[PDB]
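Next up: just one chain, as structure tokens, the form solved without the named molecule.
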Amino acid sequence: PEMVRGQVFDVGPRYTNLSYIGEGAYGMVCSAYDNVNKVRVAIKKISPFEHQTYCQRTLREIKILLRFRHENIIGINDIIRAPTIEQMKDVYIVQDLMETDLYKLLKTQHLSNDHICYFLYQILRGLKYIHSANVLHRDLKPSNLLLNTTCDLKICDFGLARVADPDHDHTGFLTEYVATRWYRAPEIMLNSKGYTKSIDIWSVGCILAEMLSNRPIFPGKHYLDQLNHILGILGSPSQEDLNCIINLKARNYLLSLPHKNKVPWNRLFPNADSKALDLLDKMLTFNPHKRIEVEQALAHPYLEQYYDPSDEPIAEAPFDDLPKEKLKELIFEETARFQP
């Protein structure tokens, strides 16, 4: 088997000429040459089978990405694994090689308004499909938005995704959460399990803000610091908005805080397109019920040059406690179609 940084990376014979890219989650990412399609591709080695949790996230990713087919969502081209459950210790997932991602882009490159607009359009176009399938991504952030050399944008990393479940969204105050802190909606820290579509729209709002200044808008250093970042910009929540939070610990926390007034978007972002700031405002709404939905966002004046609902497709086919062993069989079965 081919080696990379001394670790077996065994993707032959179709895939040759490997280069290291990084770690991923439970393994290593490399580029390689696809001898059938004559293009370089990205391959991730995943070794999840020892842990319930890794198996859950790996199955989720595979099931979702194989069901989805959309220009703004990364596809699985191929999956390499052993012919038998017994011999299968790793799985390799093959995707189109994407030169960069929005995280790497934002740390080095000023974005034109035109790029910001095109990027936001493509993000919402893919999210419309995701949401149409009753799925929540739940970990949207710059590093999960991949881009190629012509700025085609594709959403990746569905490991934390869930089926939407708004009737079971409510929880207590300071309930632990898995998704990346700077892109977490305020309600996660107050009374929400992250089981409604509005969680994703908050994250997209945060990404829009970041695209306008090259810095995260709410860089919290820990669980509750994240809420305090948000309220420093949006200002204190309205009585009406507090009235939607029945949980007393959560409501009383917000009541304990000194009054804070709104920071106007046009002061945070003096060179931003005004339509962009109008849409930002509607995405970064404190109250999840009042927050703009994906289709409304696509229809906003900011995106009018791209908006075409007939060319923004929806999914044909909308969508734990299992042990390691059964999850491994599920992953084996789910990957069978790529075997010769």
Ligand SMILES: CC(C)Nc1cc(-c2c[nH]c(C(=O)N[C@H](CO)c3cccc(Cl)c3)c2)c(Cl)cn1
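Sequential numbering from 1, following the sequence displayed. Residues that one form lacks are left out of the comparison. Each form is matched to the other, and the largest set of C-alpha atoms that superpose within 1.5 Å is called the rigid core.
Below, we turn to the form deposited with the named molecule bound, even though it does not appear here.
Judged by the 2.4 Å clash test against backbone and C-beta atoms, the pocket of this chain is blocked once the named molecule is superposed from its pose in the bound PDB entry, as three or more ligand atoms violate the cut-off.
Shown here without its partner, the chain carries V29, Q95 and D101, all of which come within 4.5 Å of the named molecule in the bound PDB entry through at least one heavy atom. Not displayed here, the named molecule is approached by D157 to within 4.5 Å at the level of heavy atoms in the bound PDB entry. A250 falls outside the set of residues with a heavy atom inside 4.5 Å of the named molecule in the bound PDB entry. Mapping the unseen interface onto this chain, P318 falls outside it, with no heavy atom inside 4.5 Å of the named molecule in the bound PDB entry. By the criterion of a heavy atom within 4.5 Å, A42 is counted among the residues contacting the named molecule in the bound PDB entry. Between 216-224, 138-146, 229-237, 190-198, the stretch whose residues reach within 4.5 angstroms of the named molecule in the bound PDB entry through a non-hydrogen atom is 138-146. Think of it this way: in the bound PDB entry, the named molecule has a heavy atom of just one of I74, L254, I80, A164 within 4.5 Å, and the residue is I74. Scanning 9-26 for heavy atoms within 4.5 Å of the named molecule in the bound PDB entry gives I21, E23, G24, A25, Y26 in sequence order.
Residues present in both forms were compared between the shown form and the other one after fitting on the core; the only consecutive run of three or more with every C-alpha moved by 2 angstroms or more is 22-25.
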